[PDB]
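Novice: Quick one: experimental structure and sequence below.
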Amino acid sequence: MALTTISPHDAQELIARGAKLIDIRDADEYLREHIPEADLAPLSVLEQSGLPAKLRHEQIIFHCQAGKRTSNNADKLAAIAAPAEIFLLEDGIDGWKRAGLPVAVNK
């Protein structure tokens, strides 16, 4: 219950720290475009399975194709992520791309 929004520019500074980036959408979209530095877990996988990814670290971030799935699970995470320290990727990956950073497609 302390999730704060961040800019693709901040999430990066963390990628260097160890932050745990997680994606909750359709791999089909993650395949054509993926960022070799984040975990892939289809929302439906967490909403139905419920994997306390928070236990695999202290800080966790979630990003959706276009901040569509995150806004839906955003409430489901804050709960499973306890009062820990979670951030929010404004827009999602669409930003990291425009931010002036290249993407990686699954060959």
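Specialist: Sure, I can see it. Numbers count the residues shown, from 1 in each chain.
Novice: so how far is residue 42 from residue 28?
Specialist: 10 Å (Cβ to Cβ, to the nearest Å). For every residue, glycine as well, the C-beta is placed using N, CA and C.
Novice: More neighbours: the two, which one.
Specialist: Between residue 28 and residue 42, counted using other Cβ atoms under 10 Å, the more crowded position is residue 42 (17 against 8).
Novice: Was I right to think the more buried one contacts residue 22?
Specialist: No - counting by Cβ atoms under 8 Å, residue 42 sits too far from residue 22 to count as a contact (10.6 Å).
Novice: Angles on the backbone of the residue nearest to the spatial centre of the chain, please.
Specialist: Centroid check for the chain by Cα atoms, centre = their mean gives residue 62 as the closest residue, at 2.2 Å. Per-residue torsions, residue 62: phi -130, psi 140 (degrees, to the nearest 10).
Novice: give me the beta-bridge partners of it?
Specialist: Counting by DSSP bridges, residue 62 is bridged to residue 22, residue 88.
Novice: Contact partners for it?
Specialist: 21, 22, 23, 24, 70, 73, 74, 77, 86, 88, 89 (Cβ atoms under 8 Å, 6 or more residues apart in numbering).
Novice: Kindly reformat those residues as CSV and extend each row with neighbour count.
Specialist: As requested, these are exported to CSV (neighbours: other Cβ atoms under 10 Å):
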residue, neighbour count
21, 22
22, 22
23, 26
24, 27
70, 27
73, 20
74, 16
77, 24
86, 24
88, 20
89, 24
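Novice: just the residues you listed now: which is nearest residue 10?
Specialist: residue 89 (9.2 Å; Cβ to Cβ).
Novice: doesn't residue 60 make contact with the closest one?
Specialist: No - counting by Cβ under 8 Å, residue 89 does not reach residue 60; the two are 11.4 Å apart.
Novice: residues shared between the contacts of the two?
Specialist: Counting by Cβ under 8 Å, 6+ apart, nothing touches both residue 89 and residue 60.
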